[PDB]
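Notes to accompany the following structure.
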Amino acid sequence: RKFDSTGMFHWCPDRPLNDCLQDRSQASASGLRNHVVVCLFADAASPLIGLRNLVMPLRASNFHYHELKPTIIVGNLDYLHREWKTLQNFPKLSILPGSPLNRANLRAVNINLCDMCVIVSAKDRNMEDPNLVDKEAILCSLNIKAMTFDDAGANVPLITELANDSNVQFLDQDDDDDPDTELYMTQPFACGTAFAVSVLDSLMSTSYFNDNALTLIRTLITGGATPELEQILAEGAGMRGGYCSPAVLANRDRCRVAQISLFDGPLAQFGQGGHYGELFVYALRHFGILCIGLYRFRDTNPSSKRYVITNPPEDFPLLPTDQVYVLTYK
Amino acid sequence: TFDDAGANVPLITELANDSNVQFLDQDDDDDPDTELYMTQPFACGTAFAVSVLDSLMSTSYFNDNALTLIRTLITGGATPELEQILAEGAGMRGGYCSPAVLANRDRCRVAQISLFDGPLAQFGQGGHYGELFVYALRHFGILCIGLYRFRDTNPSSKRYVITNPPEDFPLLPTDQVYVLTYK
Amino acid sequence: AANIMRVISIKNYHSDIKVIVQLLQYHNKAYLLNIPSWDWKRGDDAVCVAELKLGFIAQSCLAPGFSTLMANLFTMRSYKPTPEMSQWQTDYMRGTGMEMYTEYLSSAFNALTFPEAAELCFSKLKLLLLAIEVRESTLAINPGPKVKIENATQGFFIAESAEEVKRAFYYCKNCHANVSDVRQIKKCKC
Ligand SMILES: [Ca+2]
Ligand SMILES: [Ca+2]
Ligand SMILES: [Ca+2]
């Protein structure tokens, strides 16, 4: 298959947006499962958020084409026509024009079968009082969380960008809200359900103190956007690509952040009451899998919520339901 | 004016600003200190404005069922199942319907009837509202809730509404009766 | 949009609060029906003034003055004469003294049909009974002879005051049944 000219991303020759546009019947007829849904709130005139930065990681060339997650964007069509010039090079992409609040759209999209629903807004970041700015995203989150499905609801995986951090309190129930708590201690942030730009601000200070650490995070979060790709994009000709040489195609073995479950397979012996340090040493030795944290259920005794534990102690006890964040090559 | 008129055309107007009701009618004796509900256009059913709805908030607190009553009447029957179906965003779904659901086509409706002719005209000819009420309920299941009477009894086609008259209230042969009915 | 975010904030703080909200636009109602913890069976409600406005005036197309008949029932008012009023204004204003009230029918109504209960309320009690809560449970408006008054049935009355409708709760077929003036119908008739 074809790749970007630097090997790093899967690539498709251009198309018109109408090759990827779908109505509700076409979306519903499509086998959408394990996909990514983008609930895009935009007006036709609103500024370009650069959804390429969302899609490009989802198309890292170190994935095989059969394990690339399909992507469907639900949103304003007139906005998407001016976003599209950047998106038109990515495969397995589709658009359902209309509001993400319309439960019809969501059902055609098989919202209950996605691996992630992303809620994102292009709107004006001070359009009214700080109580109204995220109402579209909060109503969309609550709407999806309230849907029921035939053979659900709060089991749909969500992540929402917030324009105003203090709105995070409305994003979840069974929560014990307090406006004096900073975003990083709140349950929706601790569960990976919320995001906001304010947690990025110390990228300025870390960019000064160690430049290489800012390149590390990038190679991970972008899926591999090297300065050569940034130069190619700065030529304005779009993302150039094609069939690529074995010399550049060697870079398809980048390291990726993955998540694995202790419920089954060779590591389940550690999930059955072992310790994180036993798991770490075993997984690294046998598989080269380097473990960086856990994703544990909050309700250990109810809900599907999970919290993230960066770098546990060596003697930290495991549960058979834990999932492990890992760095891996295959 | 119309060829084989004018003030005889039946009108109802929503007003955005209640105090504009004074311009809506002539032969009227306007006064800006009178609240909307006492004005002739409101008393005749020619005006409406959102301000008369505001105590739906307080009545919604004091007795929820009474707010459902008014709704079943004013909406013609919009149950919370229809509101749920509309909240799915797919539009109002419909088709041919089963005899089991189609049984609900006998809802009670607010209707208006005239004492000028037919079996009730005997009460319009100088009887009393309580005689009419007991007779209509007994013979027809028709439950009477008020009258709509001409203002100029001696000229204009205007009529005023009389909610729940006394038992001994005199009828006129030109009165129309507000009723609840099944057919 | 501002009022929906208040409902959301209240329901985020505690789900089980009965919330009653005034909405200006009908299409905005769908957004709060979709709140996870909104429940009309728990008594949450949206008074949509656009829905209600158009509903009241649409019933006037079916019965010409009915928007006035009906809107006067939903605001508390007491009849207060002044000598400059013409006859039609006094008739009208006495009608505006009415509101719609809910009260339990006394055991004296048990096993009457709704028509007998309505004849009885109008003729003896001077109360216009027009609907009942049939025991789940459902509101029935002017139900036919097939429907009996069950024990402790809540009835819906048009009357001048809550002090009037109490008479339906205190009425007794032995103690009060011969009373000529309704002011004497009182004190549970024990
Ligand atoms: Ca909360
Ligand atoms: Ca006037
Ligand atoms: Ca009153």
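Letters A, B, ... go to the chains of the structure tokens in the order shown; residues in each chain start at 1; ligands are counted from 1 in the same order.
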Find the residues around residue 288 (chain A) up to 9 Å (only C-alpha atoms counted), leave out those fewer than 5 positions away in its own chain, and share them as number ranges by chain. A: 283, 327-329
Selection export as an mmCIF file, in the first residue's frame, atoms kept: N, CA, C and O atoms:
```cif
data_model
loop_
_atom_site.group_PDB
_atom_site.id
_atom_site.type_symbol
_atom_site.label_atom_id
_atom_site.label_comp_id
_atom_site.auth_asym_id
_atom_site.auth_seq_id
_atom_site.Cartn_x
_atom_site.Cartn_y
_atom_site.Cartn_z
ATOM 1 N N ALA A 283 7.321 -8.905 31.642
ATOM 2 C CA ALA A 283 6.904 -8.426 30.331
ATOM 3 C C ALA A 283 8.078 -7.833 29.546
ATOM 4 O O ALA A 283 8.232 -8.093 28.350
ATOM 5 N N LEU A 327 4.720 0.429 26.235
ATOM 6 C CA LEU A 327 5.428 0.737 25.001
ATOM 7 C C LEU A 327 5.835 -0.579 24.341
ATOM 8 O O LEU A 327 6.368 -1.466 25.006
ATOM 9 N N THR A 328 5.578 -0.727 23.044
ATOM 10 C CA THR A 328 5.748 -1.992 22.314
ATOM 11 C C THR A 328 6.091 -1.780 20.838
ATOM 12 O O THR A 328 5.850 -0.708 20.294
ATOM 13 N N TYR A 329 6.667 -2.791 20.184
ATOM 14 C CA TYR A 329 7.105 -2.749 18.781
ATOM 15 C C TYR A 329 6.224 -3.567 17.819
ATOM 16 O O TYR A 329 6.405 -3.483 16.603
#
```
Compute the set of chain B residues within 6 Å of chain C, using only C-alpha atoms, and express it as a VMD selection string. chain B and resid 45 55 74 to 75 87 111 to 112 162 to 163
Would you kindly report the residues of chain B within 6 Å of chain A, using only C-alpha atoms, as an MDAnalysis selection string? chainID B and resid 88:90
Write out as a VMD selection string all residues of chain B that DSSP puts in strand (DSSP E or B) for this structure's backbone. chain B and resid 13 to 14 47 to 48 109 to 114 128 143 to 150 159 to 163 170 176 to 181
Put those residues in a file: C-alpha atoms, as a PDB file, in the first residue's frame.
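Wrote it out as selection07.pdb, contents follow:
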```
ATOM      1  CA  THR B  13     -53.968  37.762  17.913  1.00  0.00           C
ATOM      2  CA  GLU B  14     -50.882  36.987  19.931  1.00  0.00           C
ATOM      3  CA  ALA B  47     -56.232  38.634  22.351  1.00  0.00           C
ATOM      4  CA  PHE B  48     -53.592  36.367  23.859  1.00  0.00           C
ATOM      5  CA  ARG B 109     -62.649  17.137  23.502  1.00  0.00           C
ATOM      6  CA  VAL B 110     -63.590  20.667  24.286  1.00  0.00           C
ATOM      7  CA  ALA B 111     -66.474  21.641  22.078  1.00  0.00           C
ATOM      8  CA  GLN B 112     -68.935  24.520  21.753  1.00  0.00           C
ATOM      9  CA  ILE B 113     -72.715  24.165  21.195  1.00  0.00           C
ATOM     10  CA  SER B 114     -75.502  26.735  20.555  1.00  0.00           C
ATOM     11  CA  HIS B 128     -81.234  28.557  33.945  1.00  0.00           C
ATOM     12  CA  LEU B 143     -70.379  18.389  30.804  1.00  0.00           C
ATOM     13  CA  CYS B 144     -70.858  22.196  30.612  1.00  0.00           C
ATOM     14  CA  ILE B 145     -67.980  24.439  31.799  1.00  0.00           C
ATOM     15  CA  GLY B 146     -69.149  27.949  30.762  1.00  0.00           C
ATOM     16  CA  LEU B 147     -70.988  30.272  28.366  1.00  0.00           C
ATOM     17  CA  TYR B 148     -70.039  32.570  25.477  1.00  0.00           C
ATOM     18  CA  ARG B 149     -72.572  35.428  25.510  1.00  0.00           C
ATOM     19  CA  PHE B 150     -73.079  38.450  23.307  1.00  0.00           C
ATOM     20  CA  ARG B 159     -69.067  37.786  22.794  1.00  0.00           C
ATOM     21  CA  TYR B 160     -67.628  37.349  26.292  1.00  0.00           C
ATOM     22  CA  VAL B 161     -66.795  34.197  28.196  1.00  0.00           C
ATOM     23  CA  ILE B 162     -68.430  33.255  31.528  1.00  0.00           C
ATOM     24  CA  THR B 163     -66.552  30.409  33.291  1.00  0.00           C
ATOM     25  CA  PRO B 170     -80.407  32.987  33.386  1.00  0.00           C
ATOM     26  CA  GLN B 176     -73.176  29.249  23.228  1.00  0.00           C
ATOM     27  CA  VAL B 177     -72.042  26.685  25.835  1.00  0.00           C
ATOM     28  CA  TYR B 178     -68.485  25.426  26.366  1.00  0.00           C
ATOM     29  CA  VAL B 179     -68.659  21.656  26.907  1.00  0.00           C
ATOM     30  CA  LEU B 180     -66.552  18.535  27.373  1.00  0.00           C
ATOM     31  CA  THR B 181     -67.804  15.713  25.083  1.00  0.00           C
TER      32      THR B 181
END
```
Could you work out which residues of chain A fall inside 10 Å of chain C? Count only C-alpha atoms, and format the result as a VMD selection string. chain A and resid 101 to 103 128 to 129 131 to 132 134 to 136 138 to 147 153 to 154 167 169 to 177
Counting only C-alpha atoms and all ligand atoms, what residues are within 7 Å of ligand 2, given as a PyMOL selection string? chain B and resi 22-30
Same residues, N, CA and C atoms, output as a compact mmCIF listing (two decimals), in the first residue's frame:
```txt
# COMPACT_ATOMS: atom_id res chain seq x y z
N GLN B 22 -54.85 47.64 24.05
CA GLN B 22 -55.75 48.78 23.93
C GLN B 22 -55.97 49.23 22.48
N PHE B 23 -55.00 49.06 21.58
CA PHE B 23 -55.14 49.44 20.17
C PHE B 23 -55.89 48.41 19.34
N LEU B 24 -56.05 47.20 19.88
CA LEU B 24 -56.55 46.04 19.16
C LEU B 24 -58.04 46.11 18.85
N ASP B 25 -58.77 46.99 19.52
CA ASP B 25 -60.22 47.10 19.44
C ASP B 25 -60.71 48.54 19.67
N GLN B 26 -61.86 48.86 19.11
CA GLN B 26 -62.60 50.12 19.32
C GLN B 26 -63.91 49.83 20.06
N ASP B 27 -64.67 50.86 20.45
CA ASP B 27 -65.83 50.74 21.36
C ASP B 27 -65.46 49.93 22.62
N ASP B 28 -64.58 50.50 23.43
CA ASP B 28 -63.67 49.74 24.30
C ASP B 28 -63.37 50.41 25.65
N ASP B 29 -63.29 51.74 25.71
CA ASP B 29 -62.95 52.52 26.92
C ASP B 29 -61.62 52.08 27.56
N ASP B 30 -60.54 52.24 26.79
CA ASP B 30 -59.18 51.86 27.17
C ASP B 30 -58.67 52.53 28.45
```
Please list as a list in words every residue within 8 Å of residue 15 (chain A), counting only C-alpha atoms and excluding residues in the same chain fewer than 3 positions away. residues 19, 88 and 89 of chain A
If you keep N, CA and C atoms, can you produce a file of those selected residues as an mmCIF file, in the first residue's frame?
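Written file, out.cif:
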```
data_model
loop_
_atom_site.group_PDB
_atom_site.id
_atom_site.type_symbol
_atom_site.label_atom_id
_atom_site.label_comp_id
_atom_site.auth_asym_id
_atom_site.auth_seq_id
_atom_site.Cartn_x
_atom_site.Cartn_y
_atom_site.Cartn_z
ATOM 1 N N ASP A 19 -16.802 11.655 -2.139
ATOM 2 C CA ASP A 19 -16.410 10.240 -2.079
ATOM 3 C C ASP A 19 -16.523 9.657 -0.663
ATOM 4 N N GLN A 88 -8.055 15.038 3.052
ATOM 5 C CA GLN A 88 -8.310 14.241 1.850
ATOM 6 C C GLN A 88 -7.258 13.177 1.524
ATOM 7 N N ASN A 89 -6.104 13.185 2.188
ATOM 8 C CA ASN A 89 -5.058 12.188 1.998
ATOM 9 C C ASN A 89 -5.164 10.971 2.928
#
```
Counting only C-alpha atoms and all ligand atoms, the residue of A:312, A:246, A:179, A:227 that sits nearest ligand 1: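 Smallest separation from ligand 1 among the options: A:179.
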Between CA of residue 65 (chain A) and CA of residue 9 (chain A), measure the distance and give it in Å to one decimal.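 Computed distance, CA of residue 65 (chain A) to CA of residue 9 (chain A), equals 10.8 Å.
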Using backbone DSSP assignments, extract all alpha helix (DSSP H) residues from region 101-134 of chain C; output them as a PDB file with N, CA and C atoms, in the first residue's frame.
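Written output follows (part.pdb):
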```
ATOM      1  N   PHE C 114     -69.240   8.396  37.378  1.00  0.00           N
ATOM      2  CA  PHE C 114     -68.807   9.785  37.240  1.00  0.00           C
ATOM      3  C   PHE C 114     -69.969  10.750  36.943  1.00  0.00           C
ATOM      4  N   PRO C 115     -70.921  10.460  36.038  1.00  0.00           N
ATOM      5  CA  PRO C 115     -72.107  11.290  35.882  1.00  0.00           C
ATOM      6  C   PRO C 115     -72.900  11.526  37.171  1.00  0.00           C
ATOM      7  N   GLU C 116     -73.166  10.517  38.010  1.00  0.00           N
ATOM      8  CA  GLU C 116     -73.822  10.819  39.291  1.00  0.00           C
ATOM      9  C   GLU C 116     -72.957  11.700  40.184  1.00  0.00           C
ATOM     10  N   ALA C 117     -71.651  11.451  40.252  1.00  0.00           N
ATOM     11  CA  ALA C 117     -70.758  12.257  41.072  1.00  0.00           C
ATOM     12  C   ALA C 117     -70.711  13.719  40.605  1.00  0.00           C
ATOM     13  N   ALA C 118     -70.712  13.960  39.295  1.00  0.00           N
ATOM     14  CA  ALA C 118     -70.739  15.296  38.727  1.00  0.00           C
ATOM     15  C   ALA C 118     -72.087  15.990  38.951  1.00  0.00           C
ATOM     16  N   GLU C 119     -73.220  15.303  38.768  1.00  0.00           N
ATOM     17  CA  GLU C 119     -74.536  15.850  39.119  1.00  0.00           C
ATOM     18  C   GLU C 119     -74.595  16.231  40.597  1.00  0.00           C
ATOM     19  N   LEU C 120     -74.119  15.353  41.478  1.00  0.00           N
ATOM     20  CA  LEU C 120     -74.093  15.564  42.918  1.00  0.00           C
ATOM     21  C   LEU C 120     -73.218  16.761  43.306  1.00  0.00           C
TER      22      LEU C 120
END
```
How far is it from CA of residue 294 (chain A) to CA of residue 221 (chain A), in Å with one decimal? 18.6 Å
Which residue is closest to ligand 1? Choose from A:325, A:189, A:63, A:149 and count only C-alpha atoms and all ligand atoms.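 The closest residue to ligand 1 is A:189.
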Residues within 10 Å of residue 123 (chain B), only C-alpha atoms, excluding chain neighbours under 3 positions, as JSON, numbers by chain: {"B": [115, 116, 119, 120, 126, 127, 128, 129, 130, 131, 132, 133, 135, 170, 171, 172, 173]}
I'd like the interatomic distance between CA of residue 295 (chain A) and CA of residue 54 (chain A), to a tenth of an Å.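 Atom-to-atom, CA of residue 295 (chain A) to CA of residue 54 (chain A), that is 22.6 Å.
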